[PDB]
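All remarks here apply to the structure that follows.
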There are 2 protein chains.
Amino acid sequence: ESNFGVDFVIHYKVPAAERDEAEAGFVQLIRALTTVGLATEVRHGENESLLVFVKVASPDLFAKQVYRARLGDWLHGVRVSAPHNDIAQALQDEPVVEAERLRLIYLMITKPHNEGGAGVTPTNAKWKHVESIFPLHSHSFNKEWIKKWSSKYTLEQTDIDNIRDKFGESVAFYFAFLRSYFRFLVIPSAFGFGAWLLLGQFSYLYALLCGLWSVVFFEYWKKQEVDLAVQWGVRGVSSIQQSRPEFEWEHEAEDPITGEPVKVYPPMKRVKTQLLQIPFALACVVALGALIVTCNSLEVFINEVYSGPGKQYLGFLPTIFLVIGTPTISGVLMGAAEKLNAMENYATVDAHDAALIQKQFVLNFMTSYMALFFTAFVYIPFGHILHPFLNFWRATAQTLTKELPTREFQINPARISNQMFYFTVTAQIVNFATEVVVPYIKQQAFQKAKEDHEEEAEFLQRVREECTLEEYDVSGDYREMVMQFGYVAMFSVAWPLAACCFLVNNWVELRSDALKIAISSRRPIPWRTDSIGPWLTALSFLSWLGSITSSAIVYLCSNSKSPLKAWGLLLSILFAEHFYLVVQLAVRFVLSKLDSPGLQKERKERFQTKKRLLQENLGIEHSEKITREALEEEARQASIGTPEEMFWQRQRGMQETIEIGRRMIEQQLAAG
Amino acid sequence: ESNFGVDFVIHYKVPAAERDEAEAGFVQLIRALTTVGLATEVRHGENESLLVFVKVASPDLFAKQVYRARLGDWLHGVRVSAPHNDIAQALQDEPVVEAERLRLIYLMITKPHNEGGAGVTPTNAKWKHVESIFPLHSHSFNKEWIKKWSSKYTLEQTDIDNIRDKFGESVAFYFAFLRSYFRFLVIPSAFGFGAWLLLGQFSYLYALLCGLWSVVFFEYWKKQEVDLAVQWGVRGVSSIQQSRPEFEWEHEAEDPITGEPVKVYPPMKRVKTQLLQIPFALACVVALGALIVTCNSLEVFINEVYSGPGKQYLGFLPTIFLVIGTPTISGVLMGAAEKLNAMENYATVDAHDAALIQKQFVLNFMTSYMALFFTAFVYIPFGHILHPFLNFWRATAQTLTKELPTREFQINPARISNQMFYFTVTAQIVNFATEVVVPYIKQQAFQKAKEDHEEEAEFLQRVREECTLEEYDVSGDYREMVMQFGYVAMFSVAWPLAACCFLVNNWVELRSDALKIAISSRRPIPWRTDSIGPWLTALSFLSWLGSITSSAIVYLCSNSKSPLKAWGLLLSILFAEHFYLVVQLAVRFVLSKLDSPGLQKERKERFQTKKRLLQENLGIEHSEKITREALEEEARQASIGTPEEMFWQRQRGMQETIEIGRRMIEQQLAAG
């Protein structure tokens, strides 16, 4: 049930061929881990591999090593508070959490051996036989985590802080985003259920409140982000993180901030490379868009105007062409994206994975919303643009076969409600099946398809089971939540119950993804991020586009429920987009004047640092001091200008100025 | 030529009536200035007033007093660098400038007597007889200032830093804004002269480059602002400035930043009062707009469709109705604005004068551009909307008098070029006459309309001359430059030579306003501001509106040079406004990656503070330390868990793990 004090486990895959190099690589690996001070073990792993088991040996050297990371964080302004002057008394004040313990151990195996650590990384290709380094789960905590989170209706903030201490910050930012998303989704569930019942379908008032809500949630989350970044001591860790070994520096220069020499790429040289991202995103709209629009041009052909026999066996024909093609074009375009991402030559390891997401966001934008963009902007408002597209499928279906039995085409206005019932109800049930029921049972189905001490027998059988699992990507669950936020901000005016059935989903997904860490994947390495990352631009882009395309839908679709004026679309676009930009200013003005406990905790600790530095260095009666200098300047010039100084030495003290002051007032009154 | 060491001069107006209170107020005034340590004098002032002459007496007490203001600035993060540990050695490193000297003396006469200073202020009404406190000019520097600035073609940055040391920062920010405006106006003068010569009038390409230029200049000025705010040590002085005595605090609470109790108004209570500003600005558009549009409806009536005799003597009739009415409605609306500004109850003294400008900006927006907004959006595109307005003036002119001789109305397209020739050429010549030639000669004409020691005779005649001048408002010259920037960003697509004749004007105005400080006004009190103030919103509003109304003009006016589609205006508005918002993101992304010497100088001094605080407190061989703990844990549990710890005590050292590691690999290969 409990681990044998193991922080990290290294797999070290050994093939039958090139074994002598793998033997020589083994003795180079195990010798390197003793230079950093890790007590090690070796056990029988899989059929051809050897799991080694490492832990930190001496706690007196480790507690000094954590203290340098505490001083190193406070040096670059990351930690808002300095540690105590006494060594290991600040460790008594705040103990070393499991996140900070596992992060520093992972550094000692991944530091590049120049300044510290032993460079055990798969990318260096000397340790090519090393598969992956991973920490072990604690089944005592994971059983207590899901049991505590299932009984409560809503999660307290101290529950997320329990996740930060165990699974790092980058995992804890997901649950802190999802809980702030699940609670803020009550508001468009409130009037959204009201706009479905009281108001009609496609109401302008709901599209104005949805655009108002999405900027309130986004600008409050940026305020809630800096409250957590200074609470967990993760304020601005983008400059901290260890640089990628593929960094191609032009020249080694001096860093003005740290005073320590760093590798430097010219930042304006990257921007001229970064402008290649714009033709990449434009080609991705053409590539993925032309797949979706013709598979939907086939889907409108089969279901409606094709009256041939057995269309239910033919209604599944276009969706097969999508699911065989939508990873194919994505597999091609991600191959171009990763070749483009190597060209931009990012410094830090997080910024390389961040810009990969920003390029992958264009693909996931097209594969999620182009079926809805085709319905609400081509099919239901216009329709007659599809008649050249519909006549093409009528021609080629005859060559597959008498005249093909067709019918006259009429625009069905219930398709936009029918497609939104799939994306918010049917897909979320399927996503609950394929993310929970599938990879849990497939892990048990792997158990059917398959010399040790009896005391460690169940433990080594547990760790060998844990090594087969895939490592957890927190970017994968961000993409499920941001794309779900796209359906609320953009297309929920068509189906105003979408915020309700997304609110029910997030209550499960906050516990479903919590279950996914425990039983479905190995424990991820406890990284640190100050923000959620590049999703803040993805949340802001869908919030702005959700102001335009929700006002365009309510104009184009409500006329079906007879000609629509072209300026009436452009005026309705211009007004609600300006209503978005106005209420973006008004909310950011109000939330600026609101009390922020994030920066106020920061600026107080910045102030009291300067007050402590000041006090250690510095540890009637005034009327004569005016006269005592007025007689001390006239003595040091009468030895020697004089027409200047005779203005001041005439009157000394206040009583000389009072009595000559009163004399001048009757001189001025009697002359008049 | 040179002053007699006088820092400040107090006027102290004395009337003939209530003289006994003014006598008792005099002895209360002169006694209060000796509590703070100011050496004083009394001289005969005007016909009924007494100029007193103050200076700081003892420099040993003053140099300690400046050092507290240097420590007080560095305490709240204003100064980026701490002063030296030795007293008066940091004064040797950087001397006390005339700005810092005159600011601290003005504080001692305006501090509210609770924590320091003597409360000599006219607003308290005990010192009602005090007219104004002002420092004296130095004619040696002012003659050298205009002579140096007339010979140079462009001003070096060290010339503006000479103004900061003498006239404070709030004056120096104007010349640092005007020089960054005069140099950035070369760029729309460059292609603007090109678009006038090569391209035709009302070109779309110039309207796209003008909107591109205005966001480049504005986002570079915000970058250049924080470079100057950390160079002169004015980084964020909004929290520093002394609160207004009219502050009506609800409750006295504790400040989290300083740890010192402050007066507190609830900030959300002010915002609910601040929403009254929106019906104020909407009423100001109706009030000032209805004056301008009917005086221009009269001006189109007299000049064009009225063929009566002597229209040149009647062509001056509508402009008389403007100049007698445009201060009348402004005098009424500023009376409502100042009664509204007292309602919002601002804390600091600068924020009260800042929000007064933001309310006055709506008046100066309407009195400057409504004549251009009426021409380009009512007269030249549509015209037939004016025929109800034109028929009203035709009816009432008959009642002033046979049928009145009229003619058929035709839209003259040269009026927009004729009105822009007034605003950029004729008004700037008149503004050069009324701001320079008028108040200089009127000061000499005051000299025609009009018992002392002979040695101070020309000096007291100089100071009595200086007391009659009005104090300099730097907000007045900001309004002349921001409204001029409105003609470039918004209406310069109609007359593309406007950036050229504004570039010639700013070369004079940078030396004209420099002359205006020296000979036309008394020296202003050296205040401090971190930014230019509320003009950054006024620059950003005209830059955004200049993207819309320049794209609307080029659509509506080029069709004259036959029907215009209504969507063609809305599409051309939507595209160039989106082109503004896109290039607002792209420039702010590029300028973020650019090297900023402002914040890099700040974060280095923040880092080296923490490095100095750290170092004063803190002032093969590793393979056995793994084994020495592995034998130190097995000794302290064999006295007594054991199935846990027996995993680790089996293998000690690296040579035990190597030899049992090699044994396991042939065990795994031979079994396969």
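Here the ratio of the Cα radius of gyration of the range A:216-302 to 2.2 N^0.38 Å is 1.83.
Note: relative contact order over the range B:142-244, using C-alpha pairs below 8 Å and six or more positions apart, is 18 percent.
Put in order of Cβ neighbour count within 10 Å, fewest first, the listed residues A:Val264, B:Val215, A:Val488 become A:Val264, B:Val215, A:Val488. Across peptide B:567-575, the mean count of Cβ atoms from other chains lying within 10 Å of each residue's own Cβ comes to 4. DSSP beta bridges confined to the protein assembly as shown are antiparallel in about 95 percent of cases. Note on the range B:295-348: Rg/Rh from C-alpha atoms, Kirkwood Rh, equals 1.35.
By other beta-carbon atoms within 10 Å, ranking B:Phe421, A:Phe184 with the fewest at the front produces B:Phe421, A:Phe184.
Using equal-weight Cα scatterers in the Debye expression, the normalised intensity of the range A:415-454 in log10 at q = 0.20 Å⁻¹ is -0.69. The alpha carbons of the range B:1-619 stretch over 84, 71, 56 Å along the principal axes, in descending order. Both the radius of gyration and Dmax for the range A:527-624 are 26.5, 95 Å, in that order, over alpha-carbon atoms.
Report D for the range B:114-198 in µm² per second (integer): Stokes-Einstein, Kirkwood Rh on Cα pairs, 37 °C, 0.692 mPa s. The calculation lands on 194 µm²/s.
Sort the range A:468-606 into rounded, prolate or oblate with this rule: let a ≥ b ≥ c be the square roots of the eigenvalues of the Cα gyration tensor; rounded if a/c is under 1.5, and if a/c is not under 1.5, prolate when a/b is larger than b/c, oblate otherwise. Judged from the Cα gyration tensor, the range A:468-606 comes out oblate (a/c at least 1.5, b/c at or above a/b). Helical content of chain B, expressed as a calculated mean residue ellipticity at 222 nm, amounts to -19500 deg cm²/dmol (DSSP H runs of 4 or more residues, -39,500 (n - 2.57) each, divided by residue number, nearest 500). The reciprocal of the average 1/r between distinct C-alpha atoms defines the Kirkwood hydrodynamic radius, which for the range B:573-672 equals 21.4 Å. Each residue of the protein assembly as shown gets 268 Å³ once the volume of the Cα convex hull is shared out per residue. Provide, for q = 0.22, 0.24, 0.25, 0.27 Å⁻¹, the log10 of I(q)/I(0) from a solvent-free Debye sum over equal Cα point scatterers in the range B:627-669. Results for the range B:627-669 at q = 0.22, 0.24, 0.25, 0.27 Å⁻¹ read -0.76, -0.82, -0.86, -0.92. Sort the range A:378-440 into rounded, prolate or oblate with this rule: let a ≥ b ≥ c be the square roots of the eigenvalues of the Cα gyration tensor; rounded if a/c is under 1.5, and if a/c is not under 1.5, prolate when a/b is larger than b/c, oblate otherwise. Oblate, since a/c reaches 1.5 and b/c is not below a/b. The C-alpha radius of gyration of the range B:1-153, expressed as a fraction of 2.2 N^0.38 Å, stands at 1.23.
Across the range B:253-360, C-alpha contacts under 8 Å between residues 6 or more apart give a mean separation that, scaled by the residue count, equals a relative contact order of 27 percent. Legend: ranking of residues B:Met654, B:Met334, A:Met343 from fewest to most surrounding C-beta atoms inside 10 Å; resulting order A:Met343, B:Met334, B:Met654.
With N as its number of residues, the range A:158-278 has a Cα radius of gyration that, divided by 2.2 N^0.38 Å, comes to 1.62. Taking the inverse of the mean 1/r over every pair of distinct Cα atoms in the range A:355-512 gives a Kirkwood hydrodynamic radius of 20.2 Å.
Cβ: placed from backbone, ideal geometry, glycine included. Neighbour counts: every protein chain shown. Since every read-out is calculated from the coordinates, none of them should be taken as a lab result.
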